[PDB]
Structures are given as structure tokens and as C-alpha cells.
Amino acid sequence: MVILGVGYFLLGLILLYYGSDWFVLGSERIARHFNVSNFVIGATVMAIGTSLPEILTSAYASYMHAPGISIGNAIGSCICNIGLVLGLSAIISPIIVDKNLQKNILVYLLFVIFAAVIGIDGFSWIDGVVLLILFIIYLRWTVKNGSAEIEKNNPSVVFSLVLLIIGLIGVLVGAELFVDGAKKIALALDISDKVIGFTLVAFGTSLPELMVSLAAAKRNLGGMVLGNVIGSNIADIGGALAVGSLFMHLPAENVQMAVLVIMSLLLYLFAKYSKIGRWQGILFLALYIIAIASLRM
């Protein structure tokens, strides 16, 4: 049957749509509770939660002797977060970046370049261990700098945590349904293609970031969007790629890493010397479009 594919697909969108808004709302509240910025909650809790698909996908693929899918998924997500996710969000809600957030973005940049350089001959399991350690350090460093918490069964907090978790479950399940529904529609229309079907789940892992960021964008939560983008990329590299490399050596993806380094560099330069708004967003989307037009499938 195919309506099951249609049912799923539509339901996936509904869970994604409402799930994303609840995730954003709950995350914004949690940040106020812990006295940290929206960037910080976006870069830690939101980034890790929405990167769970990438982490499972890369670990699974490398385990199943498909390390090309594992690194392809990780870095492709990174390119998607800056090009598509941040591109759309910048246009919706232009961001002027604070001096301290610029420091966080510069560190992100350094991290990406380091990853690109040690991955020129691919990524070994020791490359993995190192990247994962830097990931852990980035998280502690980010929270520390974004913290002002100097000081308990509060209904405000509990309600905040419930919005967040149910929202997350909503976007993660919604995303799966979207992919699963699309897969079944494709199969019973007999238009299924593996080469393209890998980019259905590849894009699939990026749907949480997309919807969550757009939801944050609609509520002018610019720092949260930026936090979620920066953190998700780091989680995709220090987490998804890294764990992949633990099961098997990952072949180099130098062209894609170069594209990521160029987009990351652009993202930093705009954050430091300008803004992340309309035309910066238009630039990110144009670059993203060119990438999905010309990069190897």
C-alpha cells in the first residue's frame, strides 16, 4: 500500500512543524532558567539533540562497512546547516553577532580547519578520538563562557523540560516518518533509486535543524539559530564523523571539506566584520545550490 507512505509523510511534517516550535520554546525557557544565552542552549542541548540522527547514521554505516556514507552524511550535514539552514534563517531574521559569540565562531572555524587538515588522507580512529575530545572541550568552554548562574520543584522548569523533550521527540520522530513515508511512496511507485535514496536520508538527518532553526528564526531567536548551526556542525564532526572513524577508516572527502572550510570562513568573516542578514543569507543559499548542483552524488 502507498497511503501509508502518504500518511506517514504528512504526519511527519505535522510532528516536525509543531515539534520544532515546542523544542524552541522549551529551549528558550531552559536557557532563562540556567541563566545562559540562547546561543549556548542552541550550541549544546539543541545541537546535540538534532544531531542524534547523524551520529546513529554514521556509526551504523561505518559498522556496516560503508564508511563513505558515514563521512558523506557528516560533512554533507555541515554544508547543509550553513548553506540551507543558516541561509534561510538569516533572511528571515538577520543577526548581528556579539563580540563574545564571534570568539565562539572563530573557535568553530579553527576546529573545522584542523579536521580538514588531519582528514586529507582520511580519518582514522585516532583522528576520531581527538575530534571527540575537542568536541567535549568545545561544549565545556561554550557553557562556561555563556554562564552567569550563581544560584526546587518549580512548575515553570518542569513545564520547560517537558516542552523541550516532547518537542525533540516530535522533530526526531517526525523526521523519521518523513523519510520512511517518502521511502514507501517511492517504493510502491517503483521510482526507488539507491544513489538518490541515500540523499533522502542524508537530507533526512538535517530536517530537525532545518525546522528547529526556522522556528527559532520566526521568533527572532537569532543567537539560538546561530548556536544550533555552529554546535550541530561540531557535533557532526566531533561526534558523528568521529564515531564513524572508530569502526573503520573514513576515506578523505577533500572537496567537501574545502567547501565547508570556505563556508565556515565566510560565516566567521560576516559575523566579525558585518552581519548575518539578507544578502549574507542569499549568498549562503546560492553556494548551497551550486554545491548540490555540482558535488558528487
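Just so we're on the same page, rigid core means the largest C-alpha set that superposes within 1.5 Å between forms. Numbers follow the displayed sequence, beginning with 1.
Between 187-195 and 108-116, greater CA displacement relative to the shown form is found for 187-195 when the structures in 8 other deposited structures of this protein are fitted on the core.
Take 197-205 and 72-80, fit the other structures onto the shown form by the rigid core, and average the C-alpha distances in 8 other deposited structures of this protein: the farther stretch is 197-205. Compared against other deposited entries of this protein, residue 151 counts as often unmodelled, lacking coordinates in at least a third of those that resolve the residues around it. According to the record, 4 to 9 deposited residues between residue 151 and residue 152 are left without atomic coordinates. As recorded in the PDB entry, 170-178 is the stretch of 170-178 and 82-90 with the greater mean C-alpha temperature factor. Per the PDB record, of the two stretches 106-114 and 198-206, 198-206 carries the greater mean B-factor over its C-alpha atoms. In the deposited coordinates, the residue among 215, 139, 191, 224 with the greatest CA B-factor is 191. Highest CA B-factor among the listed residues (44, 35, 233, 245): 35. Remark: residue 270 belongs to the lowest third of its chain, ranked by C-alpha B-factor as recorded. Placement of the Cα temperature factor of residue 158 within the chain: highest third of the modelled residues, per the deposited record. When all modelled residues of the chain are sorted by CA temperature factor, residue 264 is found within the lowest third. For residue 51, the recorded CA temperature factor ranks within the middle third of the chain's modelled residues. Per the PDB record, residue ranking by Cα B-factor puts residue 76 in the lowest third of the chain.
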